[PDB]
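Participant:
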Amino acid sequence: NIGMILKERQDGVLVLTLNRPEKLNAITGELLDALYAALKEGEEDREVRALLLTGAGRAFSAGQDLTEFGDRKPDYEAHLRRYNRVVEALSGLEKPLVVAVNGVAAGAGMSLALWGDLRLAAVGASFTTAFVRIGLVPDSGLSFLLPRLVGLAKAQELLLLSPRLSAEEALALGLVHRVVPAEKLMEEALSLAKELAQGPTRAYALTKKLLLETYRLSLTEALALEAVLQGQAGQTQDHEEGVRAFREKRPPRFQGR
Amino acid sequence: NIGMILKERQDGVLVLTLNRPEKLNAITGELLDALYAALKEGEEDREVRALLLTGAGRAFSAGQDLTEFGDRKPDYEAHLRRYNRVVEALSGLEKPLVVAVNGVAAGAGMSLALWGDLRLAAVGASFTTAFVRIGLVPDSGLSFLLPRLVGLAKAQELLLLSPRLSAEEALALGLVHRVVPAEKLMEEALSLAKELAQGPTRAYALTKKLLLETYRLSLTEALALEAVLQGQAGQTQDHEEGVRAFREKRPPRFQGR
Amino acid sequence: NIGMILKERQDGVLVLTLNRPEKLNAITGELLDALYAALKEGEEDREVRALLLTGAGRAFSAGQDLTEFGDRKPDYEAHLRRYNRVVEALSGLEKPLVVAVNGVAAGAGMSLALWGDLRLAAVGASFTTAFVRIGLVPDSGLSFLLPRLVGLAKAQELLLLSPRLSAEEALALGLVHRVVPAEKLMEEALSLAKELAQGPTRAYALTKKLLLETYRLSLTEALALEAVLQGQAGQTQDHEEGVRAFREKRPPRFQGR
Ligand SMILES: CC(C)(COP(=O)(O)OP(=O)(O)OC[C@H]1O[C@@H](n2cnc3c(N)ncnc32)[C@H](O)[C@@H]1OP(=O)(O)O)[C@@H](O)C(=O)NCCC(=O)NCCSC(=O)C/C=C/CC(=O)O
Ligand SMILES: CC(C)(COP(=O)(O)OP(=O)(O)OC[C@H]1O[C@@H](n2cnc3c(N)ncnc32)[C@H](O)[C@@H]1OP(=O)(O)O)[C@@H](O)C(=O)NCCC(=O)NCCSC(=O)C/C=C/CC(=O)O
Ligand SMILES: CC(C)(COP(=O)(O)OP(=O)(O)OC[C@H]1O[C@@H](n2cnc3c(N)ncnc32)[C@H](O)[C@@H]1OP(=O)(O)O)[C@@H](O)C(=O)NCCC(=O)NCCSC(=O)C/C=C/CC(=O)O
Numbered sequence: 011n012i013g014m015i016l017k018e019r020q021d022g023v024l025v026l027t028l029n030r031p032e033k034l035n036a037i038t039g040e041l042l043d044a045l046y047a048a049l050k051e052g053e054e055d056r057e058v059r060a061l062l063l064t065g066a067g068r069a070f071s072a073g074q075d076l077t078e079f080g081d082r083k084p085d086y087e088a089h090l091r092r093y094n095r096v097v098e099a100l101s102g103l104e105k106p107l108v109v110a111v112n113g114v115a116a117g118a119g120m121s122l123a124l125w126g127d128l129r130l131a132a133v134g135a136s137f138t139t140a141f142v143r144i145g146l147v148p149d150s151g152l153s154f155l156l157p158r159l160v161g162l163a164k165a166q167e168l169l170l171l172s173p174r175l176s177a178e179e180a181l182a183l184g185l186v187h188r189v190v191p192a193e194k195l196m197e198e199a200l201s202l203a204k205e206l207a208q209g210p211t212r213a214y215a216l217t218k219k220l221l222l223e224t225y226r227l228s229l230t231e232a233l234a235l236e237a238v239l240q241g242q243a244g245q246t247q248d249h250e251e252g253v254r255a256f257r258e259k260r261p262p263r264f265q266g267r
Numbered sequence: 011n012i013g014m015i016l017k018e019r020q021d022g023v024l025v026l027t028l029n030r031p032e033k034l035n036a037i038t039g040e041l042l043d044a045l046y047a048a049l050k051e052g053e054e055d056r057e058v059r060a061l062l063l064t065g066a067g068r069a070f071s072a073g074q075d076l077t078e079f080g081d082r083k084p085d086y087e088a089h090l091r092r093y094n095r096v097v098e099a100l101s102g103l104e105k106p107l108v109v110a111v112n113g114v115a116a117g118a119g120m121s122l123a124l125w126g127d128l129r130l131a132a133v134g135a136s137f138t139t140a141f142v143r144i145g146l147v148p149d150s151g152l153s154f155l156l157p158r159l160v161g162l163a164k165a166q167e168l169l170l171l172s173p174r175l176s177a178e179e180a181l182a183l184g185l186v187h188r189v190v191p192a193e194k195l196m197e198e199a200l201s202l203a204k205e206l207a208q209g210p211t212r213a214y215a216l217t218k219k220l221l222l223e224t225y226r227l228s229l230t231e232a233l234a235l236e237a238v239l240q241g242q243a244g245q246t247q248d249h250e251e252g253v254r255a256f257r258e259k260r261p262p263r264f265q266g267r
Numbered sequence: 011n012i013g014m015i016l017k018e019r020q021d022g023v024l025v026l027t028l029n030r031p032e033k034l035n036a037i038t039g040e041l042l043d044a045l046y047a048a049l050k051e052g053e054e055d056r057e058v059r060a061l062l063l064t065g066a067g068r069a070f071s072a073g074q075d076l077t078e079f080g081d082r083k084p085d086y087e088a089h090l091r092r093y094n095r096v097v098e099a100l101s102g103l104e105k106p107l108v109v110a111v112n113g114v115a116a117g118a119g120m121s122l123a124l125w126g127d128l129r130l131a132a133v134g135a136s137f138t139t140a141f142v143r144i145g146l147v148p149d150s151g152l153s154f155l156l157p158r159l160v161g162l163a164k165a166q167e168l169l170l171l172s173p174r175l176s177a178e179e180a181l182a183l184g185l186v187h188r189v190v191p192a193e194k195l196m197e198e199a200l201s202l203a204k205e206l207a208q209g210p211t212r213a214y215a216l217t218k219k220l221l222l223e224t225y226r227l228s229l230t231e232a233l234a235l236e237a238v239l240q241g242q243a244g245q246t247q248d249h250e251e252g253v254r255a256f257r258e259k260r261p262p263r264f265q266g267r
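Chains as they are written, first to last, in the working numbering: chain A, 11 to 267; chain B, 11 to 267; chain C, 11 to 267.
(1) Is B/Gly161 helix, strand or coil by DSSP?
(2) Please report whether the beta-carbon of C/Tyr214 lies at a distance below 9 angstroms from any beta-carbon of chain A.
(3) Is A/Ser150 near ligand 1, in the sense that its beta carbon is under 8 angstroms from a heavy atom of that ligand?
(4) Does B/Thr77 come out as helix, strand or coil in the three-state DSSP assignment?
(5) Compare the C-alpha of A/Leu175 against each of A/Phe137, A/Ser153 and A/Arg254 and name the closest.
(6) What are the residues that DSSP puts in a beta bridge with B/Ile37?
(7) Buried or exposed: residue 268 of chain A, going by 16 or more other Cβ atoms within 10 Å of its Cβ?
(8) Is the segment 66-74 of chain C touching the segment 30-38 of chain C, taking contact as three or more C-beta pairs under 8 angstroms?
(9) Taking three-plus beta-carbon pairs below 8 angstroms as touching, is the segment 111-131 of chain B in contact with the segment 192-203 of chain A?
(10) Would you list the residues sitting across from C/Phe137 in a DSSP beta bridge?
(11) Quick one: which residues of the segment 163-175 of chain B get their C-beta closer than 8 angstroms to a C-beta of chain A? List them in chain order.
(12) Does ligand 1 have even one heavy atom less than 8 angstroms from the beta-carbon of A/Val114?
(13) A/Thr217 and B/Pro157: beta carbons closer than 9 angstroms?
(14) Which residues in the same chain as B/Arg95 place their Cβ atom closer than 7 angstroms to its Cβ, once the five residues preceding and following it in sequence are excluded?
(15) Measure the alpha-carbon distance for B/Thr211 versus C/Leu146 and round it to whole angstroms.
(16) My output table needs one value for C/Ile15: the three-state DSSP class, helix, strand or coil.
(17) Nearest to A/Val58 by alpha carbon, out of A/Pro31, A/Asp43, A/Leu41 and A/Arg19?
(18) Run through chain C and tell me which residues come within less than 9 angstroms of B/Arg226, C-beta to C-beta.
(19) Report yes or no: is there a C-beta of chain A within less than 9 angstroms of the C-beta of B/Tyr46?
(20) Please identify, using Cβ separations under 7 angstroms, the residues of the segment 232-256 of chain B that lie next to chain C, in order along the chain.
(21) Is any non-hydrogen atom of ligand 2 found closer than 8 angstroms to the C-beta of B/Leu155, if you look at the structure I gave you?
(22) Could you tell me the alpha carbon to alpha carbon distance between B/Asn112 and B/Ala140, rounded to whole angstroms?
(23) Taking the alpha-carbon of C/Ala215 as reference, which of C/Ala203, C/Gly266 and C/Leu24 has the nearest alpha-carbon?
(24) A/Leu170 and C/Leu128: beta carbons closer than 9 angstroms?
(25) For the segment 181-198 of chain C, which residues have a CB atom closer than 9 angstroms to at least one CB atom of chain A, in sequence order?
(26) Closer than 7 angstroms by C-beta to A/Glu258: which residues in its own chain qualify, once you throw out the five before and the five after it? Chain order, please.
(27) Quick one: what does DSSP say C/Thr246 is sitting in, helix, strand or coil?
(28) For the segment 133-159 of chain A, which residues have a beta carbon sitting closer than 8 angstroms to at least one beta carbon of chain B?
(29) When you compare only the Cα positions, how much space is there between A/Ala203 and B/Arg143?
(30) Would you kindly work out how many angstroms separate the C-alpha atoms of residue 294 of chain A and B/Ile12, rounded to a whole number?
(31) Could you compute how far the alpha carbon of B/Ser150 sits from the alpha carbon of B/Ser101?
(32) Runs of 4 residues minimum, wholly inside the segment 186-246 of chain C: which ones carry the alpha helix (DSSP H) assignment?
(33) Per DSSP, C/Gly65 forms a beta bridge with which residues?
(34) What residues from chain E crowd round C/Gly52, counting only those whose CB sits closer than 8 angstroms?
(35) Check for me: the alpha helix (DSSP H) holding C/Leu128 runs from which residue to which?
(36) Rounded to whole angstroms, what is the Cα-Cα separation between B/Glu51 and B/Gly209?
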């Protein structure tokens, strides 16, 4: 398909599938533009309360297509302003994102997978940082996410030595939250995304903003931002519903506003 | 008791007990003012070298009293400047704090428990972030503490899905340092707090300041603050005692100055 | 030996050995000047692509020599500008550093060991923060490294209570990456350092810069620095070699430029 991102809506969930299975969903500028466009649509679509990202075929993504750039003096500083708006869009997404890692995620493919709020892997899936084997540094936010997700000791080993991690090893480190058999991965991930699509979408979005900023703030700054964002969550119809549901001891019926 | 914070001194330890057992020690502005007052007294009392915080009855704390605010347009930005001076006081406390989590700690109750320097839980105690089920974001410093304590991967799952964690699960993640039978919790926690109340109180206070600031500093800034605070610890009578005790291979007798 | 740092080159590796075995490699200003000088030489020597740091005798290092300062009013703020250029040099080293922890690492000895990019310990080796037992705060970058390496929950316990950790406990926490029998430690560590000395030295150096800065940056700042440093790695002969080797499915032959 032109752009190489498949798009499907179900029950409040936009399902995005990386679709270059013949090249293990290797990333090109074209694929990144299509993914940006799809994330923008998902976020704008008032019928969408959650996103699910997965790969077509054997792989999640092998990362940058190492054929896309033809022997010329590479300008990665320039190009990464492109990987960069996609990462900006993922990081700031105002709806929850499930990632279903169906196979290998390497390099920027591993970066993209780790931007999921909740991450599931198939048995048989694998992670490898990859960049150092091409003489490159981690990019697409991997140098930001990895030490936060697995701690600095594991981030050093994973990045410097680029070992291949099994899905069970990934589970141990916090790279994923759940490992499921390959034939059940999309059912389980879609089940979780539909759960989140009934959730308090505004609370999810603002909680994600606090988590993104937490490490660079002083405690004083963190308490100030908590105050500001709790002010905004406090004004939502969902907060009022949440309080009613607790007082009546029934499930909340959230609307995402 | 008026203010709902019980206060007792033993052997250098101020014991603070959240005391609204009939509402699972649910937090009100009144309780927060009483806790602030008690922390201020503990810190000012030269007979106190350590604090121990626990709950009365079944619960540690169920967090914000979801009856305190009566159907009016809530102003959480305003109110949190109140949760906020209490968190400021906890974070900056110039004496070590043990927390004994005797039962459920939910929402701001979980926030308060996690401000302990050393944290023990009873078998049967439990943690739940709770905020997202009311359509709110984590507050009272939970968005600051949780990713630092358990890493970002576990913080995402705990905050977005609000699962109930057993004391043994909490131990695994680093939410607590020790799990003990319910009938031994106060004996063990008081034993540890009395140990710290013989400790180098100034070294504890300055070590806590370094830990609070560590993530937002450059290595250059971190080394500069280490230099400044080690300068201050170096001038204490306790440092001179610590050096004598090491040279003579005997226990130090610290005074907290 | 004058300066108490032994220096030996093998197969692209500068081997540095802390050499005051009679005082468990206890740190003095003189030892720190010698270590700074040795790190500077290793980094300047175009025949060196990796460093390995270890201890002579029983210990890795017992940390500051608690005989060096003679009963005078200590000025640790002044002196730490000395521990500080050594830590600055370690942190910014533009070649990978393996640490082989052959025995106890306490206080600043533990600080120094944890500056390794990859860390191995002998069975029988041990770690202890130590500072709090002398009434001091963690220094030599320990307040920076420890919470990043083991998370805040373990850093609090390790620093406030100064327990002695076995090599297997250290492995569990991420203080080291590998534990090996004492008689195999230098063979394994030298084997790993020779591996890294064939590696893409520029990618290692720039990856280390991203990891050092990651926690204090916004995601926007982190993506900007990734762009800048990937630009520089992209211009290296090693990047061009890495791409050729992947396209031909053969091992890269990196030069470190
Ligand atoms: C671990 C995998 C991904 C999978 O192994 P396996 O499943 O055994 O497959 P394979 O290695 O046998 O490859 C099968 C085919 O896919 C191709 N393939 C795999 N990865 C990529 C790839 N990344 N680019 C182009 N082709 C790729 C292979 O070349 C093969 O093609 P062929 O059938 O021989 O024609 C392995 O292929 C691998 O290490 N690939 C390279 C991964 C890699 O280095 N990714 C790029 C890191 S750099 C990055 O992502 C961002 C860089 C930004 C700066 C910039 O460059 O703009
Ligand atoms: C996990 C517990 C805490 C305990 O379960 P369990 O032990 O089975 O007890 P229960 O749920 O059966 O409750 C027993 C009673 O306590 C009451 N209770 C429990 N939590 C609270 C509570 N937080 N507020 C008022 N009442 C509470 C229940 O309503 C019941 O009252 P009743 O006997 O029916 O009259 C459960 O009650 C629970 O999820 N409670 C709500 C926890 C909660 O959402 N906390 C607030 C999060 S929001 C926060 O803390 C800060 C917000 C700041 C912004 C602002 O609002 O200012
Ligand atoms: C865990 C060890 C390191 C090892 O135990 P073990 O292997 O059983 O040996 P030991 O304790 O029996 O000591 C054997 C000998 O080494 C000496 N030794 C051990 N550590 C040091 C030491 N750090 N300084 C001088 N001597 C030391 C002992 O005093 C003994 O000397 P002797 O044979 O009795 O003459 C234990 O010795 C120990 O706790 N030592 C003190 C560690 C310590 O507190 N280090 C300093 C932390 S403060 C720091 O590093 C930076 C401070 C900067 C501010 C400033 O001061 O400038």
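Using N, Cα and C, we set each Cβ at its ideal position, and we do this for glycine too.
Facilitator: Result, derived from the coordinates:
(1) helix
(2) yes
(3) yes
(4) Of the three classes helix, strand and coil, the one that applies to B/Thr77 here is coil, per DSSP.
(5) A/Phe137
(6) B/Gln74
(7) The question about residue 268 of chain A has no answer here: the residues shown for chain A are numbered 11 through 267.
(8) yes
(9) no
(10) C/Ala115 and C/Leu175
(11) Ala163, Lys164, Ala165, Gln166, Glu167, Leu169, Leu170 and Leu171
(12) yes
(13) no
(14) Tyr46
(15) 10 angstroms
(16) strand
(17) A/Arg19
(18) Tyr225 and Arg226
(19) no
(20) Within the segment 232-256 of chain B, those residues whose Cβ lies closer than 7 angstroms to any Cβ of chain C are, in chain order, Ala232, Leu233, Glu236, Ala237, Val238, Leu239, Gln240, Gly241, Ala243, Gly244, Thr246, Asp248, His249, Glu251, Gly252, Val253 and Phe256.
(21) No, Cβ of B/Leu155 sits at least 8 angstroms from all heavy atoms of ligand 2.
(22) 18 angstroms
(23) C/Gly266
(24) Their beta carbons are under 9 angstroms apart, which means A/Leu170 touches C/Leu128 by this criterion.
(25) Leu183, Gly184, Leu185, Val186 and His187
(26) none
(27) C/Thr246 falls in the coil class under three-state DSSP.
(28) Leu155, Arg158 and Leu159
(29) 16 angstroms
(30) Outside the displayed range of chain A (11 to 267) lies residue 294 of chain A, so it cannot be described from this structure.
(31) Near 11 angstroms, if we compare the C-alpha coordinates of B/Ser101 and B/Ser150.
(32) 195-206, 211-223 and 229-244
(33) Per DSSP, the beta bridge partners of C/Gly65 are C/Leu28.
(34) Judged by its chain identifiers, the structure shown contains no chain E, and its protein chains are A, B and C.
(35) Looking at the DSSP string, C/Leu128 is not in any alpha helix (DSSP H); the run it does join, the beta strand (DSSP E), is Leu128 to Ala132.
(36) For B/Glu51 and B/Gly209, the gap between their C-alpha atoms comes out near 20 angstroms.
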